[PDB]
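Protein chains in written order, with the deposited numbering: chain D, 1 to 52, 52A, 53 to 82, 82A to 82C, 83 to 100, 100A to 100G, 101 to 127, 133 to 215; chain H, 1 to 52, 52A, 53 to 82, 82A to 82C, 83 to 100, 100A to 100G, 101 to 127, 133 to 215; chain F, 1 to 52, 52A, 53 to 82, 82A to 82C, 83 to 100, 100A to 100G, 101 to 127, 133 to 216; chain I, 1 to 27, 27A, 28 to 211; chain E, 1 to 27, 27A, 28 to 212; chain G, 1 to 27, 27A, 28 to 214; chain C, 65 to 97, 137 to 319; chain A, 192 to 319. Backbone N, C-alpha and C fix where the C-beta goes; we use that ideal spot for every residue, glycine too. Working notes for the structure below.
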Amino acid sequence: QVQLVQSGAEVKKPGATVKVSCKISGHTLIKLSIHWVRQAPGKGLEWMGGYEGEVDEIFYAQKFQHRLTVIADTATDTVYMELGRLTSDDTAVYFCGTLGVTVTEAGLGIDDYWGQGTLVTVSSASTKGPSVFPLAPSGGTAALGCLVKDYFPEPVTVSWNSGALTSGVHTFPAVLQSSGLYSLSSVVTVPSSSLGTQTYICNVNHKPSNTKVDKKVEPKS
Amino acid sequence: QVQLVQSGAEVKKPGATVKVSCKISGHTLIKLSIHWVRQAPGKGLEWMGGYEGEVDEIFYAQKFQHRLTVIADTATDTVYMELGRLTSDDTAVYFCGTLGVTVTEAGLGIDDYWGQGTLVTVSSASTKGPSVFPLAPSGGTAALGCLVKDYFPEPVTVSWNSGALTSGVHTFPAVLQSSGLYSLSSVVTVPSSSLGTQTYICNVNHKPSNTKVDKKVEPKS
Amino acid sequence: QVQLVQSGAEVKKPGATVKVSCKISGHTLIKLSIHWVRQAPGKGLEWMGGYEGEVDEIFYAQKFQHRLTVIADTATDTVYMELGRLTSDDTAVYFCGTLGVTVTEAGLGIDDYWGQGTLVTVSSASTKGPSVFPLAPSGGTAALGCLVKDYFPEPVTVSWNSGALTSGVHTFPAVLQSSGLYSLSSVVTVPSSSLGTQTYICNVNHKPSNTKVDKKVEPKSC
Amino acid sequence: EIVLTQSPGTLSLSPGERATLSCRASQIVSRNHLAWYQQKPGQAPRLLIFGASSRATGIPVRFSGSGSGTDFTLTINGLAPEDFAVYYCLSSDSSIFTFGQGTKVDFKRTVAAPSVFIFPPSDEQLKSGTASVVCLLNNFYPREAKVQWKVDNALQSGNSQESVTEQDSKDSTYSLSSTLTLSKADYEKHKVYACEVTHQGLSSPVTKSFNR
Amino acid sequence: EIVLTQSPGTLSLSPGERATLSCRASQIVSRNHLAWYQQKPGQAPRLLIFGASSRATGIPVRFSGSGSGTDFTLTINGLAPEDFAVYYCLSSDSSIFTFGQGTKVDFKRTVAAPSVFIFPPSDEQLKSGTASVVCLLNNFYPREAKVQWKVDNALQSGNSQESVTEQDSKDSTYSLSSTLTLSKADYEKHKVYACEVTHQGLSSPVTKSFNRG
Amino acid sequence: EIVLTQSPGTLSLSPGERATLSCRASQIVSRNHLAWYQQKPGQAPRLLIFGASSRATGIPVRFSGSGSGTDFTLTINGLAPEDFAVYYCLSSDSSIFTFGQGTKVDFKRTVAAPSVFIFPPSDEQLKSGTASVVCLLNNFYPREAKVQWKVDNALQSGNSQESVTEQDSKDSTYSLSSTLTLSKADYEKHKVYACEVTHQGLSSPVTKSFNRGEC
Amino acid sequence: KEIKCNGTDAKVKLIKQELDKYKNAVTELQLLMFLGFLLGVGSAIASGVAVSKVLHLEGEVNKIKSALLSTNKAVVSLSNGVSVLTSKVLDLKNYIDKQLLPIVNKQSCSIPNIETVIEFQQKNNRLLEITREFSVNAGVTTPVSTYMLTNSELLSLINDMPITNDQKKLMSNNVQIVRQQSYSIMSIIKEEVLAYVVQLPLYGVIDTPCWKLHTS
Amino acid sequence: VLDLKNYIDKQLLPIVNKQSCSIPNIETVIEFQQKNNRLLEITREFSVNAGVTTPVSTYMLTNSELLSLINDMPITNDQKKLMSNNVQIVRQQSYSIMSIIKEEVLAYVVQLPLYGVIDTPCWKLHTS
């Protein structure tokens, strides 16, 4: 059982430096290939660099060759990546993977092992808790939800009645406001016959701020 | 040697039921595949159903699930088909064939054995001989022939002077008139210089009625 | 060690007959194939005929079936071709090659051996030396050359200062005039700053007539 | 429920040329279960190719099939005389077979003009109260042609039947007989009977007519 | 500079149908160094095929790759439910890897009209000094749609951001929430707040509005 | 009989790109008997592919042939410098060989305007009774260009011959020489000899001219 | 001998080195050219030796090759005046010269279907195993293997052998024993033909009562 | 006599070391079968003879290999010609002894007869 384990989520201010590790278990580093590929939120994949244990050679993408450095520790079976001079364009998720292509006259060979991904958020904003506002209902089937606006940083978790509501639940991805803080919505469709009876409370947990809020949403006039 | 033998041609009135056999000789049924496919006059091919001796399962096409039945006698190496509620759209030629595809990881295998075909004609008219009327001529190339109208069922035979004339002979396939009777023409091209000398008599034999009529074609004025 | 050797260059007038050899060395004729193919100047390739030693059968193209003959000498390892009624459209370069493809159930096999080519020129003109005329230069970068008009037959060689000039030299292929004589150009691009100092002399050598003329090139000289 | 289409419906080409027959299915079919069969008039089908690129026993190497998923192609590399017939492709899945409508193959013949004839019914038939008029197009090419009836220049429809010969083995031409059915009453009501023939071999339509 | 292209950008097809994805490069790449990967939302990439026509261990046989020189094609013979995701092709040369922008795969869904609802800012929210109006389009298809804001019929632009849900695993539909951000001043300057909804599934645009309360 | 066609007639490409050359025959040929050959100027033909998809000994693996029946394609996966030449496809049937007209491969070059010069006939040549006027378009690209003669604005045709240079190995340009044929008598009948040069590299025609007697 | 083709195709290389196994095998064969004290001492294979020695006579190979032009099995009367049974067991000359030498004789040779290579290996292996047996026994092997003679071949011999009807049934029912009592003598190889003599036992006395004596 | 280390480690081991491996031309498989077959037959011979086989088979040593030994052997020219014209006898008077197998190398010693006495008159005595 080969497994790759990456460093935890990191938040660094603009101009800072970020370090991400990639630990190998159940396999040696000297016989594998380890590459770094990043994914900005909602965009394509972008190669950055890599390491070839077969040859002990490091490769960089020319776009980041002047400000990126990659180090491999064979004794700990661990690969690290370090990118400095961070700007808001560096905010992305970072992965380590085995893209190495072995070429012989007889055939080809390749590994396919990946980490879990490392969320890296770069911004000048400090840690801040979220605000929660109810979205109350008033054709035949009605919808209600909760607004989670003005927090930092990612991520947040949203459930409904402590996990009791799943049918019709649609939790929306966050958007980045001009203030540097995130904002998102989460709604659910419910029968209009239950507007008066069943209590609907949204459960939001923002881990970076340790703010957990259960907010009741009631219909009105 | 493997041989497929079907029952003789059958005529059944609308709404009746027809049974057609397909006997296998020189081979066992339990190792073969047997499917029924029909051909409407002048129209395309249509699958009906089949039998897989390897699995002993019968399959029907959804179009005929409600009114088609297939029976297999393993002891006589014979397959029968049984169709009720016959309609004028069922008048067609019917064949039994081996379309079974056996599939393993090593490759494929298939048979190609067929019967001779069994014509089944459905109509409320009884067998009747045709009436023969001459098609008489009147520059350099002349045409003459005989009209075979109002008969049932197929087939009829047409020669010219008992097979002495082959060049220019065109015997047309029968057409089904709205009266439920078949109709066809058979002509031959002869020089207009030979109109005065050679006698042209068309020889017709309709086997279902055992009626034979030889009709001379003469110029009329 | 397969080698193909063809006969020397030949010139024959219209209506005559030409024989071209193709000698095989280091290899036997009886087990190989030998075909004759020609190339008109500036056009594609055209098949004529061939010989298949595997079967000892000769094949001709219907276009030349009436006037082409192929001979194979197994004892001398030499193949000849013989064409009569020569016309001006037959003036071309001629090759012998091994296009024979042997086919069995197991696969295919083929040789690729060629001679050096034998130029055969058909015309009514006799051997004559070339004429050399100067082409004088003048804006900021000037061009100069010599006109080589009216000679026969091919080929002629053109150098500049006995091979001393390579930069900017563009020597044009000859064209055949309606008069039956060849004409060609040879130029060179040089800075116009060299108009006054360096002497430019074109060297033309026509070997069939051994006529060699050195013509000096001046800008104006007026 | 598997629906198959073939293009073209009719293909006319000369012997020695390459025949390309298309078979397209409404849905994905198993490659092992697809097949092409050949049928000549009056014979049972013969299985040539199966699984696209697998030839049956005794089939000449000129036949070749290819394809996958939804698009299949049966190719005949150099047409032979006994290859001119009808070609149906056959799909199957879970032992559920489905046939295409078939592409018929015709001999490419240089265009030939039809020989046009018209035949009145004999007086012996009129004693029965029914009249059948015949119009003949003998030894023509191609197959596509039109025959229109005009009775006192009035177009007649629904009362005509046409019979078609198969391509004659020697001249590669066609022949057609249009059989018009009328009663004795309506027959003896008019004078001029015209048969309008339009066809590729005619620069202008040729009509043969007669008086009563 | 190795440049990669993929067509189409978004492909919508039904399960059981054949998906054909193209990958074209600005220059020739060695076939051994080409690879195809699959990514589902929230997952690391998975390697499907590499060296054009070689499937990885444990990948179902319905996947097949082909191509040469500058044009390469990943073919899926019979789409499975778990195949609906993003598909990237990967080139490499001199151990310099380069990724395509990816082709998204969508359920071919019967055209469905969204159920439109609008949310005024909560009375608790105005107490914070910020007003966010929410408009919801639930269970529609296809994804492409437009939402325009009008406050007392005055069109507003540049102050609205839209979020899109991924295709729900059961109904194969999409959902969208448009959140309009205005100050308390600009909010309380007008009476009618309207959310205009136009979509492929709608024969005519649907507008939902409300006054001051 | 067997007729072969090739498309395109002339192909212009840069090294490292894929070259695809088509060859189509009037009838079906056996895959074993079709062949592909290469010719460079001044050389005998070279055998590339034979039997459709079978490479000859010592030919690089980037060359590949394919095809069947009537349509055949020679593919070069990544053009090398020494591949720029003439490419003929060859048919054969019952030992009857037939060649196509050939597809020539040309250097893809940035469009370049020719340096234009015109040459009067030498005074030594006028003493012979024949006058040859020369107009030069040196180092141009692309291949397509036109040269028109005008003598005292009178258009001349049928008395001029044009020669084409091989594609120079360094600048990847062509050059052309127009030789105008006149007698000395016909030469001294007019004053101005003008050569109108039209080419892709010129947004407008550039003309170099001279009068009768300018030295 | 000389292979002209030097192609780079992988299938060609396999045929080449498989063909070299044939050339090497032939070259190997050409290089070859209680009271028991009361018992007699005789050379059992003196009969087979005399035959293989007769083969060295010129023309003798041709009379075999002549008799076996059409068929595989034929009876040949030798120059000395004795009748011996001869048979062709494998035809490699026809396969190699008619399907391979004309292709390989050329500069560029091509092989498409790889099954051709395997079919070549199948026919060629029997020769190689026969060569291996002879090289470790100095041309005299016993028993006779299925490589030297398959049962189909051996039974085809016994039926055609000039022996009594009773012996045919006897030898046929106990073929594995005759193999153990038979010698395969390598003889000669010339005129593009290889031949080897097989000494077969014939049992002249059968069904007399035997009895075995055990002592202690 | 045979380099499997170079073929396996340089052409196969890097492929097999990876999760997903691919084999394209099947000819690759056959070439491996050819090279590896000689090893399997030599191993089989030793397992039934406890490392002591006689005569020496062509599996143990091809004739091309043996003559390279006989020509390079420290023997007289007459001995060379004697052994060479009768190699099949040398095989019968030779033993192939399996030695060791370690450090990515297999080795076995071959005991060869050397004929110190040649061409003296011999005679055979038959008695009865």
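Proximity test, D:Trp103 beta-carbon vs the ligand NAP heavy atom, cut-off 6 angstroms: With respect to the ligand NAP, the structure offers nothing, as it holds no ligand at all.
Taking a cut of 8 angstroms between CB atoms, which residues from the stretch 60–76 of chain E lie near chain G? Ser67, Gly68 and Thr69
Give me, in chain order, the residues of the same chain whose beta-carbon lies closer than 6 angstroms to that of A:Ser213; leave out the 5 immediate sequence neighbours on both sides. none
Opposing strand residues paired with I:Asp92 [DSSP bridges]: I:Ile95
Which first and last residues belong to the beta strand (DSSP E) in which A:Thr219 is found? No beta strand (DSSP E) contains A:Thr219, which is instead part of the alpha helix (DSSP H) from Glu218 to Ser238.
Taking C-beta pairs closer than 9 angstroms, name the residues in chain D that E:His32 reaches, listed in chain order. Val97 and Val99
In terms of residue numbering, what span does the alpha helix (DSSP H) encompassing E:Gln124 cover? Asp122 to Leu125
Endpoints, alpha helix (DSSP H) assigned at A:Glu256: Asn254 to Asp263
Does the distance from the CB of I:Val104 to the CB of I:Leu11 come in under 7 angstroms? yes
Counting contacts by CB-CB distance shorter than 7 angstroms, is D:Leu4 in contact with chain A? no
Neighbour-count burial assignment, H:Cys140, 16 or more Cβ in a 10 Å radius: buried
Should the stretch 117–136 of chain E be called in touch with the stretch 201–211 of chain E, which here means at least 3 C-beta pairs below 8 angstroms? yes
N-terminal and C-terminal residue of the beta strand (DSSP E) that I:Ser176 is part of: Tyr173 to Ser182
Looking at C-beta atoms only, is the number of pairs between the stretch 292–301 of chain A and the stretch 147–156 of chain C that lie closer than 8 angstroms three or more? no
Per the DSSP calculation, I:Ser53 is bridged to which residue(s)? I:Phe49
Does the stretch 297–311 of chain C come close enough to the stretch 258–276 of chain C that 3 or more CB-CB pairs lie under 8 angstroms? yes
Assigned secondary structure, G:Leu154 (DSSP; H/G/I helix, E/B strand, else coil): strand
Measure the C-alpha to C-alpha separation of F:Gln64 and F:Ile70 and round it to an integer number of angstroms. 14 angstroms
F:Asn197 - partner residues in DSSP beta bridges: F:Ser153 and F:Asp208
In three-state terms, what does DSSP make of H:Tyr176? strand
Ends of the alpha helix (DSSP H) at C:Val164? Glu163 to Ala170
Output yes or no for whether 7 angstroms exceeds the beta carbon distance between F:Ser188 and F:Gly96. no
Step through the CB atoms of chain A and report whether any lies within less than 7 angstroms of the CB of D:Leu100D. yes
Just curious, the alpha helix (DSSP H) that C:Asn197 is in, first and last residue? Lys196 to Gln202
Here's the rule I'm using: 16 or more other beta-carbon atoms within 10 Å means buried, otherwise exposed. How should E:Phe98 be labelled? buried
Mark A:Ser287 as exposed unless 16 or more other C-beta atoms lie within 10 angstroms of its C-beta, in which case mark it buried. buried
Using DSSP's beta-bridge definition, name the partner residues of I:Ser208. I:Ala193
Residue(s) in a DSSP beta bridge with A:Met289: A:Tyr299
Between I:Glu195, I:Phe106 and I:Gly64, which lies nearest to I:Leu13 when the distance is taken from Cα to Cα? I:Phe106
How would you label G:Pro80, buried or exposed, when you count the other beta carbons within 10 angstroms and need 16 or more for buried? exposed
Would you say G:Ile95 reaches chain I, if we count a Cβ-Cβ gap shorter than 7 angstroms as a contact? no
Should D:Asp72 be flagged as near chain E, meaning a C-beta pair shorter than 7 angstroms? no
Which word fits I:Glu123, buried or exposed, when buried means at least 16 other C-beta atoms lie within 10 angstroms of its C-beta? exposed
Rounded C-alpha distance that separates H:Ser180 from I:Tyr186: 23 angstroms
Look up G:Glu187 in the DSSP assignment and say whether it is helix, strand or coil. coil
Could you tell me which chain A residues have their CB closer than 9 angstroms to the CB of E:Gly200, listed as they occur along the chain? Result: empty, since nearest Cβ-Cβ is about 43 angstroms, beyond 9 angstroms.
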